[PDB]
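Enquirer: Below you'll find the sequence and an experimental structure to go with it.
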Amino acid sequence: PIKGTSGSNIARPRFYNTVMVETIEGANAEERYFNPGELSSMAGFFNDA
Amino acid sequence: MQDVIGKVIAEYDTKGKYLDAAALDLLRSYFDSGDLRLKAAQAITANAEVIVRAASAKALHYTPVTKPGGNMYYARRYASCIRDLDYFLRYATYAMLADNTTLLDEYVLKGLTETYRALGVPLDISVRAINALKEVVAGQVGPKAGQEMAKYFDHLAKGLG
Amino acid sequence: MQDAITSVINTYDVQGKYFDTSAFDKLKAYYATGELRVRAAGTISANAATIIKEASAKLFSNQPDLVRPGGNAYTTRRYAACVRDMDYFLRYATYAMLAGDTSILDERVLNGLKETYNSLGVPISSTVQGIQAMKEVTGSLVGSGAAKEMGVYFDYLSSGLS
Amino acid sequence: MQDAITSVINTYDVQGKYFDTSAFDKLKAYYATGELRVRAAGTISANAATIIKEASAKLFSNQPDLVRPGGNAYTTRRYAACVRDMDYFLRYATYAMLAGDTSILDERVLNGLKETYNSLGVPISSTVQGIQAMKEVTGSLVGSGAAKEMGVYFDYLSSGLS
Amino acid sequence: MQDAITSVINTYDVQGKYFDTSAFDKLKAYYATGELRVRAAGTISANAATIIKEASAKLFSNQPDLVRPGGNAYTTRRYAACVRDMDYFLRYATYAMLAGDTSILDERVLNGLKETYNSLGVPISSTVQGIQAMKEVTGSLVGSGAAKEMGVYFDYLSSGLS
Amino acid sequence: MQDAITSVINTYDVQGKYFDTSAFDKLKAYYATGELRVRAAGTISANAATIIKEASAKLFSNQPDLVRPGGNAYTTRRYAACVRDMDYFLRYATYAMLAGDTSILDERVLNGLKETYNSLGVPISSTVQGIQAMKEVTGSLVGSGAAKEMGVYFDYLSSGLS
Amino acid sequence: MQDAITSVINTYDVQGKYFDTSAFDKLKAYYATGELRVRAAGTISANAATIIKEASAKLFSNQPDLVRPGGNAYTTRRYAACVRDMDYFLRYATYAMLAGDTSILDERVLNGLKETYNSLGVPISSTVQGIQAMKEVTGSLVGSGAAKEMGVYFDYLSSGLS
Amino acid sequence: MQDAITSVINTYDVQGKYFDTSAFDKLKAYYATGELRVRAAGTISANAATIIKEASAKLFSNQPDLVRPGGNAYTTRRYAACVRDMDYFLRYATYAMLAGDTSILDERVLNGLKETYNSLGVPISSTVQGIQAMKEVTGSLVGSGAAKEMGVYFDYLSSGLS
Amino acid sequence: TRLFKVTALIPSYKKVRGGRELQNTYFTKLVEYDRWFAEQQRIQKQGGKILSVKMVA
Amino acid sequence: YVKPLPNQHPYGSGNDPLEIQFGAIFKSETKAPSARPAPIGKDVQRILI
Amino acid sequence: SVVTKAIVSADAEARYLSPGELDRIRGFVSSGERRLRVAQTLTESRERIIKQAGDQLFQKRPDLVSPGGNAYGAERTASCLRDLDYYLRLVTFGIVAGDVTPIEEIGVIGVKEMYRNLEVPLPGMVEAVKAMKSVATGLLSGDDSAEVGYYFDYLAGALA
Amino acid sequence: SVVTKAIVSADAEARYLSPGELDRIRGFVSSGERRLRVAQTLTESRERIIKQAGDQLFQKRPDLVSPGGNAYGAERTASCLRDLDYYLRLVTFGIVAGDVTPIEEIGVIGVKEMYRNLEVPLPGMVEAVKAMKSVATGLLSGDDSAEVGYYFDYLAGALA
Ligand SMILES: CCC1=C(C)/C(=C/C2=NC(=C\c3[nH]c(/C=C4\NC(=O)[C@H](C)[C@H]4CC)c(C)c3CCC(=O)O)/C(CCC(=O)O)=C2C)NC1=O
Ligand SMILES: CCC1=C(C)/C(=C/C2=NC(=C\c3[nH]c(/C=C4\NC(=O)[C@H](C)[C@H]4CC)c(C)c3CCC(=O)O)/C(CCC(=O)O)=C2C)NC1=O
Ligand SMILES: CCC1=C(C)/C(=C/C2=NC(=C\c3[nH]c(/C=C4\NC(=O)[C@H](C)[C@H]4CC)c(C)c3CCC(=O)O)/C(CCC(=O)O)=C2C)NC1=O
Ligand SMILES: CCC1=C(C)/C(=C/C2=NC(=C\c3[nH]c(/C=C4\NC(=O)[C@H](C)[C@H]4CC)c(C)c3CCC(=O)O)/C(CCC(=O)O)=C2C)NC1=O
Ligand SMILES: CCC1=C(C)/C(=C/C2=NC(=C\c3[nH]c(/C=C4\NC(=O)[C@H](C)[C@H]4CC)c(C)c3CCC(=O)O)/C(CCC(=O)O)=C2C)NC1=O
Ligand SMILES: CCC1=C(C)/C(=C/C2=NC(=C\c3[nH]c(/C=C4\NC(=O)[C@H](C)[C@H]4CC)c(C)c3CCC(=O)O)/C(CCC(=O)O)=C2C)NC1=O
Ligand SMILES: CCC1=C(C)/C(=C/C2=NC(=C\c3[nH]c(/C=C4\NC(=O)[C@H](C)[C@H]4CC)c(C)c3CCC(=O)O)/C(CCC(=O)O)=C2C)NC1=O
Ligand SMILES: CCC1=C(C)/C(=C/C2=NC(=C\c3[nH]c(/C=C4\NC(=O)[C@H](C)[C@H]4CC)c(C)c3CCC(=O)O)/C(CCC(=O)O)=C2C)NC1=O
Ligand SMILES: CCC1=C(C)/C(=C/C2=NC(=C\c3[nH]c(/C=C4\NC(=O)[C@H](C)[C@H]4CC)c(C)c3CCC(=O)O)/C(CCC(=O)O)=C2C)NC1=O
Ligand SMILES: CCC1=C(C)/C(=C/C2=NC(=C\c3[nH]c(/C=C4\NC(=O)[C@H](C)[C@H]4CC)c(C)c3CCC(=O)O)/C(CCC(=O)O)=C2C)NC1=O
C-alpha cells in the first residue's frame, strides 16, 4: 500500500502537431503575439484548407 | 546570420538610402528562385538520412578511416561522423534557404577547425566526405538546385581547408 | 493543447471511423471564419497596447477605488501587474480565437488562476469587469464579425473567474 | 450564499453608495434572464434522474475501465458514490444557474473537493469527463438558450476540479 | 531503497541492539540465496526482451480493447509507452529480487503510480494483468525456486497497483 | 482490517478472476498456520495481565526516570495511561497475529500515533522499549514458533513508531 | 575593489609591517578629503544624467558624422551604447574618486578596451573627445577644488584610451 | 584516466589485434602486484592526514619565508590552498598507484595545472621540493616495495610541474 | 588573483548529441578565482582538456 | 511516503476545523494551497485524545 | 526576414524546417512581388507623405510646436523631417523583409533611452507614427494598407 | 576496468577507496588469473567461433544472405564476419578488464545509429552474438561458461 499521495492532475499529452497548434505554441513559447510571417502563414493555411 | 534581404537592408542602411531599383532587382532575383530552393529543401528534408548514408558509403566506409587506428574506428566515433554529416547537410540546407553563407561561418565554422585539431579529426577526409555529400545532394535535387547546394558545400570545404 | 481540427480528429479517431457529414460541416465552419479570425488576430497583435489602455481607463473610471490607496491596484507595481494581467487575458483570448478551442485557456490560464487571485487578494469581480472592458474595446477595434468570435473566449475567461 | 442581485447589493454596500445606472442595468439583465433560468430549472428538476443516467452511461462507455474490476467505480458502493456525486453536481449547478452566480459552487462544492478526491483516489480527469457528459446531455434537454446558460456553470465545476 | 541486510541493520539500529542469534539467522538465510538470486537476475537480464514481448502479446490477446480505437494502447506511440512501462516493471522486479526486499518497489515504482496513471488515463487493472503475464512468463525461464522468489515481487507490484 | 484470506479475495476481485490453484495454495498455507495462531492468541489472552506487569516492570526498571517526578509516567493517571497503551499494543499485536496481516496496525494503531504522542509529550523511544519488553515477555510464554510469528508484528509496531 | 585605505592595509600585509606615522598621515588626508569627495559624488549623481546630456550634445555637434548613416552612432542600439559608454566613464570616474585610487579603472574599464573598440570599429578619438567634453562640464559643475581631483581620473581614462 | 589493463586494451585495439602471450605476461605482472598495491593504498588512506601534517611541517621548516609575510603561502587562505594541493596530489598519486598507470595524473592532475601555476606565479621549485618531501616520507609508511612504486608517480608529478 | 581566462575543450564520450553543442564542447570563459579550482576539477573529471589559462587582472 | 498515516480527517487536512470556542474556521484550497491529501482508507479509525 | 526566423526556430529544435515553416516561406516568397511593389510605391511619395504626417502631428499635438515643447523651433523641423524619413525607410525595409526586425534593430532597440537623452516625449512618437500610418494607408490599396498597418502599429506600440 | 571504476567512484566524492572498493579490487585481482585463462582460450579458438557463428547466423536467418538482404555478397558477408571478429575481440577485452567498459567504449556507445547508417538489422546482430555465446560457452567449462556468457548476454541486450 501507499503511505502517501501527491494527487492527480489532468495530463495533456501531445498526440501529433497541427499547423495551427504549432504556430500558436510558437507564439506562446516566446510569450508574444504574432508577427506578419505567422499571420500570413495562418491565412495561407486557411486558404488551402 | 542573415539572409539576402538582411544583407541588402544592412548595406542600404549603412549607405542611408532607400531601396533603389538595383536592390529591388536583387530581391526579385531572390524571391523568384524561392520556389526552387523550397523544392530542394523538401527533397533534402525527406531524404536527409539517405543522402548522408550514400555519402558515407562512397567516401568513408571502405577506407582505412573505419579500420582500427582510423579516426572513425569506434561505434561512437562512427556515429559522431554520421552526426557531423547530418550537421553539414542540415546547415547547407539552411544556407540555401537563406541564400547566404554567413550562417555557415557563424554556426558551423566558428571554432570547428581547431576543435578538429584537438580531437584529432582529419581535415582532408572531412573535406572528401563533404564533397561526396555534395555529389549525392546534387544527384537527388537535380542540376539547378545542385548548383546552389555546391556553393554552400564547397564553402564548408574551404572553411575546413 | 488542442485546436478545432485536433478535437475533430481525436473525436473521429477514438471511434475509429472516417469523417462523417458533421465532421466536414464543423471543419467547413472553422475554415470559413479563418481569414476573419486571422485579420482580427493581426489587428490585436499590432494594437494590444491601445486595447489595454482604453480598457484599463474604462475599468479604473468605473471603479476608482482600485487605483486609490487601499485598492488592489494602488501602487506603481500593482498597477503594472494589473495591466500585465490584462495583456495576458488579451493575448490568450487571441490564441484561443485562432485555435478555435478553449483548451489553451483551461491549460495555461484558468489552471492556477483562482489560487493566484485568492492568495494575492485581487478582486475577482473587478477582474471580470476589466475583461469585459477589453471585450468592448476589442470588439470596437476589430469589427463586429470578429467581435463575436473574440467575445466568445472573453466570456469563457469571465465565466472561468466567476 | 450570494446571487447576482445580492452581488450588486453587496458591492454597493461595501462602497456605501445608492444604486446608479450601472447597477440598475445589471439588475435588468438578471430580470431579463430570470424567466429562462426558471424554465431551465424546472426542466432539469423534471429530468434529473434521466440526465444522471445518460451522463453516467456515456462516461462509463467512453471509459469502461471505471466500471470494470480494478476501476474506481467498480463496486455497488463505489458506483453509487459516483452517481451521488454526479447528482450533487447537477443540483448545485442548477442552483448556480438559477441564482446567476457561481458562489454556491465555490463554497458548497469546490472548496475541498480536490483534496477529497486526491485522498480518496478518485480520478479527477474522469470526473471532469462526467461533468462534461452531464453538460452535453442537459444541453439537449433545456434548449439552446438554456444550454448556453448552463454550460458556464458546468464549465465552472470542471475548471474548479481541474 | 534497502536490501535485506540493510533492513535487518535498521530494525536493530532503531532498537539500539547488537545482532542476536535471530539476526544472524536472517543474514545467513539471505546469504544462502545469493547465488540463486544472481543467477535468476542474470537470466532475466538475458531474456528481458522475450519476456516483455510475450507478456505484452498475452495481455493484448486477453484484453483486445486496449489496442482497438479508444483503448489506452491504440497507437504506435501509446503502445510503445505501454511496453516501456512493462520494461520498467520487469527491471524493478529484478532489482527487488536481487536486493531481497520490496523497498525499491514501493519507493521507485509504486509510490505515486496510481495518481500518475489516473492523470494519464492508463487502466490500472490492465497494467496488473500485464504484470501477472510477466510473472507467468518469467517463472518458466527462471525455474521453480527463482519463480517463487520473483513471483513474490510481481505480487507485491500487483497488490500495490490494486 | 483485512486478514490473509481477505487479502487473497481482494487480489482476485480486483482482477475480476475466479479462484485458481495459487489462491488455494495461499489459503491452505493460512489454514495450516491457523492452529499455531489460535494457540498463541489464547495463551496471550490468558496471560495478558502478567505480560503487561512484567514488561512495565522491566521498562520502568531500565528507565526509572519515567515514574519519578518529572517523568512522563509520573502520576497515577499517567501510569494508568502508560499501562493502558501497553495493553493496546499487546491486544492489537494479538489481533494482527491471528489475522495474519499487519493491516490492523496501519489501520487502528499507527495512524496518527506519532502526532498524538508528540502532542501529549509522550516519549517515543521509551514506548518502543516497552513494546520490546512486551515482545521478550510474550515470546517466553508462547514458545519459539509463536514468538517468531508475533515478533514480526511487534517489530512492525516498533518500526512504525521509530 | 582597490581602495587607498585598503591599499595601505595590503602594502603593510605584503611587507609585514605595522602601522607607521606615514600611513596615519595619508589615512588622515583621505578622511579629511572624504567629505568633499561625498559632496562631489552627490552633485554628480544629481546631474550625471544632465552631464551626459550636454557631453553627448557637444560630441555630436563637434563630430556630426557619427549620427547620420556611416557613423558608429547611427542606430538606436548604437546610440544607446554610445551614451552608455559615457555614463559608464562618468560613473566609474566617480567610483574611483570615492575610492581615491585609479586601480578600478585599470581593472574594470581600460583592460581590453583598446582591443574591443578597435575590433568593433569604435573610433578612439571621438570617444576621447567625448570624455573631454564630459570632463569640462563635470569640472565646471563640481567646482575647482573637486575638479582638480575629478579631472585626474578622466585624464587617466583618456591616456589609457590614447 | 586509464589503468594498465585498459592501457594494454587500448594499445591492442588501436592496431586491431588480439592479445598476445607477451600481453598476457604483462597482465600477469599487474595482477601479481595488485595485492601489494591495494595494501599500500589502504595504508596511505589510513595515514593521509599524518603525511599531510608532516609534509606541510617539513616544507614550511626547510623554507621559512613562505609562512612569513611576503611568502607564497602567507595567508590562511594560501596556507589552506597549499595544504589542499598536497592533499590532492597525494590522493591522485595513490589513485595512479592503484591503477598502475600515469594517465590519471595527465587527465586530472596535470590537465591545466602547469599553466595555472605559471599564471599564478607559483614557484615550481617549491612544489617539486614538496613532492620529494611527500614521497620520501610516504615510502617509509608504505614499505620499500610500495615505496619504489609510489616513487615513479611522485617523480612524474614533479617532472610535469617542472 | 581575480579572474582566469580559460580556453578548454570538453569532448563527449557517454553518447552522441544531436544538437549543435560546438560552443559547449570548445569554449573560452572568464572564471573567478574562488571558482577556478572547482571548475578545473569539473573539466578534468568530464574528460576535457584545458587548452590554456591566463591571468586577466 | 516513508511514514504511517497522519492524524487527519479522511477527506484531507483542510477538512479539520480549528478547535476554538466558536467560529467554524477551515483552511481554504485557494487562499493558500497548504494541502496534504492522505490515503486514509474507509475503515481507518482516528486516534482521539 | 521570415526565412531568418524560420531558420532560427528550426535550429532551436535541432531539425529541418517543418511543413508549417516551409509553407510560411512559400507564402513569403510567393508574395515578394506585391511587397516590393508596395515598398516601391512608398518611395515615390517622399515629400508628400512626410509633410502630411508632419502637419497632422502638429495639429494633433500642438504642444510640440507650442512654446515649451521639445520640438518647438524652426531648427527642430529639419530634424523632424529626417526622423520621419528614417522611420519611413525602416517601415519599407520591414515591408520587404516581411518582419519587423530591421525596424526593431535600427530604430526601436534603444530608441527609448535615445529620446530620453533628447528629452523627447514618447507620445509624440506614437502620434507621429499614427499620422504616418494614416497617410500611407490612405495612399495605398486596402489589401496592401492592411499589411502595412501591422508595421506602422508595431512602430507606434514599440515607441511606447 | 574494476580498478578504474572504483577509482572514478572514489574521485567523484573526492575521497579514498572505501573498504568495500578495496575489497572489490582485491577480489578482481585475486581472480585475474582465471580471467586470463578464459581470454586465452577464447583467443586461441577465434577462427572457429567466428566461422560457425556465421554458420548458425546464416542458417537461422537465410534472408540476410538472400537477395535483397544486408549481408548479400562476398564483400558484405566478409564484413559481417569481420564485425563478429570485432565483437569477439571486444568480449575478450572485457574478460580481461573484469567488466564491460571496453565493450561500452569501443562497440556499444552509438552502435544503434551506426548500424542504422549501415541498414544492419539489430535482430540479426542479436542472433549472431547469441550463436557466438553458445559456441564459446560450449568450449568452456560451466564455471567459466556462466561468466563468459554474461558478457555475451550483455552485448546481446545492448544490440537489442
Ligand atoms: C503612489 C504611486 C502611484 C502613482 C504615482 C499613481 C499615479 C496615477 N496618476 C493617474 C492619472 C494622472 N496623472 C497625471 C499627471 C501628469 N500630468 C502631466 O502630464 C505630468 C507630466 C504628470 C504629473 C507631473 C494626470 C494629468 C492624470 C490624469 C490622466 C487620466 O485621466 O488618465 C492615475 C490614474 C487614476 C487617477 O487619476 O486617480 C494614477 C494611478 N498611482 C499610484 O498608485
Ligand atoms: C497567463 C496566466 C497568468 C495569470 C492569469 C497571471 C496573473 C498574476 N497576477 C499577479 C499579480 C497581480 N495581478 C493583479 C490584477 C489586478 N488587480 C486589480 O485589482 C484588477 C482587478 C486586476 C486586473 C484587471 C494585481 C494588482 C497584482 C499584484 C498583486 C501583488 O503583488 O500583491 C501574479 C503574481 C506574480 C506577479 O506579481 O507578477 C500572477 C501570477 N499570471 C500568469 O502567468
Ligand atoms: C461486482 C459487483 C457489481 C455489480 C453487480 C455491478 C452491476 C452492473 N450492471 C450494469 C448494467 C446492466 N445490468 C443488467 C442486468 C439486468 N438485466 C435484467 O434487467 C435483470 C433484471 C437484470 C439482471 C438479472 C443490464 C441489462 C445492464 C445494462 C444496462 C444498460 O446498458 O443501460 C453495469 C454497467 C456496465 C457498464 O457500464 O459497462 C454494472 C457496473 N457492478 C459491480 O461492480
Ligand atoms: C496508421 C498508424 C498505425 C498503424 C498502421 C499501426 C499498426 C499496428 N498493428 C499492430 C498489430 C498487427 N499488425 C499486423 C499486420 C498488418 N499491419 C499492416 O501493416 C499490414 C498491411 C498488415 C499485414 C500485412 C499483424 C499481423 C498484427 C498482429 C500482432 C503482431 O504482428 O504481432 C499493432 C500492435 C498492436 C496490436 O497488437 O493490436 C500496431 C501498432 N499502428 C499505428 O499507430
Ligand atoms: C565595464 C565598463 C565598460 C566599458 C568601458 C565599455 C566599453 C564598450 N563599448 C562597447 C560598444 C559601443 N560603444 C559605442 C560608443 C562609441 N562609439 C560612438 O560612436 C562614440 C564615438 C563612442 C562613445 C562616445 C558604440 C556605438 C558601441 C556599439 C558597437 C557595436 O555595434 O557593437 C562595448 C561592446 C558592447 C556592445 O557592442 O554592445 C564595450 C565593452 N563597456 C563597459 O561595460
Ligand atoms: C587536482 C589537481 C589540481 C590542483 C591540486 C590544483 C591546485 C590550485 N591551486 C591554486 C592556488 C594556490 N596553490 C597554492 C600552492 C602552491 N603555492 C605554494 O604553497 C606551493 C609551492 C605550492 C603547492 C603545490 C597556493 C598557496 C595557492 C593560493 C595562492 C595564490 O592566490 O596565488 C589554484 C587556483 C584556484 C583556487 O585556489 O581556488 C588551483 C586550481 N589545481 C588542479 O587542477
Ligand atoms: C553544427 C556545427 C558543429 C560541427 C561542425 C560539429 C563537429 C564536431 N564533431 C565532433 C566529434 C567527432 N566528429 C567526428 C567525424 C570526423 N572524423 C571522421 O573521420 C570524419 C573525417 C570526420 C567527419 C566527416 C568524429 C570521429 C568525432 C569523435 C571524436 C572523438 O571522440 O575523438 C565534435 C566534438 C563534440 C562531440 O563529440 O559531440 C564536434 C564539435 N559540431 C557542431 O555543433
Ligand atoms: C473566545 C475566543 C474566540 C474569539 C475571540 C473569537 C473571535 C471571532 N470573531 C469573529 C467575527 C468578527 N469579529 C470581529 C471584531 C474585529 N473586527 C473589528 O474590526 C475589530 C477591530 C475587531 C474587534 C475589536 C468582526 C467585525 C467580526 C465579523 C467578521 C465576519 O464574521 O465576517 C469570528 C467568526 C465567527 C462568528 O462571528 O461567530 C470569530 C471566531 N473566536 C473565538 O473562539
Ligand atoms: C534611424 C534610427 C535613428 C533615429 C530615429 C534617430 C533620431 C535622433 N534625433 C535626434 C535629435 C532630435 N530629433 C528631434 C525630433 C523629435 N523630437 C521631438 O519631440 C518631435 C516630437 C520629434 C519630431 C517628430 C528633436 C527635437 C531632436 C533634438 C534637437 C533637434 O531637433 O535636432 C538625434 C540626436 C542627434 C541629432 O541631432 O541628429 C537622434 C539620434 N537617429 C537614428 O540613428
Ligand atoms: C569495433 C566497433 C565497430 C563496429 C562494430 C563496426 C561495424 C561496421 N560494419 C560495417 C560494414 C558491414 N557490416 C556488416 C554486418 C552486419 N550486417 C549483416 O546483416 C549482419 C546482421 C551483421 C553482422 C553479423 C555488413 C553486411 C556490412 C556492409 C555494409 C556496407 O558496406 O554498406 C561498417 C562500415 C565500414 C567498413 O565496413 O569498413 C562498420 C563501421 N565498426 C566499428 O569500428
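Expert: Here it is on my side, so go on. Residues are numbered from 1 along each chain as shown, chains lettered A, B, ... in the order given. Ligands and ions are numbered 1, 2, ... in the order given.
Enquirer: so how many other residues sit close to residue 6?
Expert: The chain I'm using is chain A. Applying other C-beta atoms under 10 Å in any protein chain shown, we find 14 residues neighbouring residue A:6. C-beta: built from backbone N, CA, C; applies to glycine.
Enquirer: meant chain K, my bad for not saying
Expert: Using other C-beta under 10 Å, residue K:6 is surrounded by 23 other residues.
Enquirer: Can you confirm whether the longest helix along chain A lies near chain C?
Expert: In chain A, taking DSSP state H as the definition, the longest helix is helix A:36-48. Yes. Judged by C-beta under 8 Å from any C-beta of the partner chain, helix A:36-48 and chain C are in contact via A:36, A:39, A:42-43, A:45-47.
Enquirer: would you list those residues in CSV and tack on distance to residue J:9?
Expert: Putting those into CSV (distance: C-beta to C-beta, whole Å) gives the following:
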residue, distance to residue J:9
A:36, 57
A:39, 54
A:42, 51
A:43, 56
A:45, 53
A:46, 54
A:47, 59
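Enquirer: Buried subset of the residues you listed, written for PyMOL?
Expert: Applied in PyMOL, the following selects the buried portion of the residues of helix A:36-48 next to chain C according to 16 or more other C-beta atoms under 10 Å in any protein chain shown:
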select buried, chain A and resi 36+39+42+43+45+46
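Enquirer: want to throw the residues of helix A:36-48 next to chain C into JSON lines with distance to chain H?
Expert: Compiled in JSON lines, the residues of helix A:36-48 next to chain C are given as follows (distance: C-beta to the nearest C-beta, whole Å):
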{"residue": "A:36", "distance to chain H": "50"}
{"residue": "A:39", "distance to chain H": "52"}
{"residue": "A:42", "distance to chain H": "53"}
{"residue": "A:43", "distance to chain H": "56"}
{"residue": "A:45", "distance to chain H": "54"}
{"residue": "A:46", "distance to chain H": "59"}
{"residue": "A:47", "distance to chain H": "60"}
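Enquirer: Just want the most central residue of chain C.
Expert: Nearest to the geometric centre of chain C sits residue C:93, at 2.6 Å (C-alpha atoms, centre = their mean).
Enquirer: count of residues packed around the residue of chain B found nearest ligand 2?
Expert: Using C-beta to the nearest ligand atom, residue B:1 is the residue of chain B that sits closest to ligand 2, at 32.1 Å. By other C-beta under 10 Å, the residues close to residue B:1 number 18.
Enquirer: so it sits in a helix?
Expert: No. Using DSSP: H, G, I helix; E, B strand; the rest coil, the assignment for residue B:1 is coil, not a helix.
Enquirer: residue in chain J nearest to chain E?
Expert: Nearest residue of chain J to chain E, counting by C-beta to the nearest C-beta: residue J:1, 5.1 Å away.
Enquirer: mind checking how far that residue is from residue J:34?
Expert: As for residue J:1, its distance to residue J:34 is 19 Å (criterion: C-beta to C-beta, to the nearest Å).
Enquirer: Now do the helices in chain B.
Expert: Using DSSP H, helices in chain B cover B:4-15, B:21-32, B:34-46, B:48-59, B:75-98, B:102-103, B:112-119, B:123-160.
Enquirer: Pull out the buried residues from the first one.
Expert: Put plainly, it is helix B:4-15. Within helix B:4-15, the residues scored as buried using 16+ other C-beta under 10 Å are B:4-6, B:8-9, B:12-13.
Enquirer: The longest one too?
Expert: Of the residues in helix B:123-160, B:125-138, B:140-141, B:145-146, B:148-150, B:152-153, B:155-157, B:159-160 count as buried by neighbour count, 16+ other C-beta under 10 Å.
Enquirer: do the same with stretch C:152-162
Expert: C:153-162.
Enquirer: Output the residues you listed in a markdown table; the columns should cover secondary structure and distance to residue G:22.
Expert: Converted to a markdown table, the buried residues of stretch C:152-162 look like this (DSSP: H, G, I helix; E, B strand; the rest coil; distance: C-beta to C-beta, whole Å):
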| residue | secondary structure | distance to residue G:22 |
| --- | --- | --- |
| C:153 | helix | 78 |
| C:154 | helix | 77 |
| C:155 | helix | 81 |
| C:156 | helix | 79 |
| C:157 | helix | 74 |
| C:158 | helix | 77 |
| C:159 | helix | 80 |
| C:160 | helix | 76 |
| C:161 | helix | 73 |
| C:162 | coil | 77 |
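Enquirer: re the thing from before, can you list the neighbours in contact with the longest helix of chain A?
Expert: Outside of helix A:36-48, the residues within contact range by C-beta atoms under 8 Å, 6 or more residues apart in numbering or on different chains are A:19-20, A:23, A:26-27, A:34, C:31, C:34-35, C:38, C:41-42, C:45, C:98, K:2, K:5-6, K:20, K:23-24, K:26-28, K:31, K:98-100, K:147, K:150-151.
Enquirer: rerun that using 7 Å as the cut-off
Expert: Defining contact as C-beta atoms under 7 Å, 6 or more residues apart in numbering or on different chains, one finds that helix A:36-48 is touched by A:19-20, A:23, A:27, C:31, C:34-35, C:38, C:41-42, C:98, K:2, K:5, K:20, K:23-24, K:27-28, K:31, K:98-99, K:150.
Enquirer: Just want the most central residue of chain I.
Expert: residue I:8 (4.3 Å).
Enquirer: Roughly how far does the residue nearest to the centre of chain C sit from chain D?
Expert: Computed as C-beta to the nearest C-beta, to the nearest Å, the residue C:93 to chain D distance reads 16 Å.
Enquirer: And for that residue, nearest residue in space, chain neighbours not counted?
Expert: Distances taken as C-beta to C-beta, 6 or more residues apart in numbering or on different chains place residue C:153 nearest to residue C:93, at 4.5 Å, with adjacent residues excluded.
Enquirer: in terms of contact, does the one you found touch residue C:94 like I think?
Expert: No. If you go by C-beta atoms under 7 Å, residue C:153 and residue C:94 don't touch, sitting 8.3 Å apart.
Enquirer: any residue of the one helix or strand residue K:94 maps to up close to chain A?
Expert: Using DSSP states H and E, residue K:94 sits in helix K:74-97. No. Contact of helix K:74-97 with chain A (C-beta under 7 Å from any C-beta of the partner chain) is absent, the minimum separation being 8.3 Å.
Enquirer: Many thanks, I have nothing further to ask.
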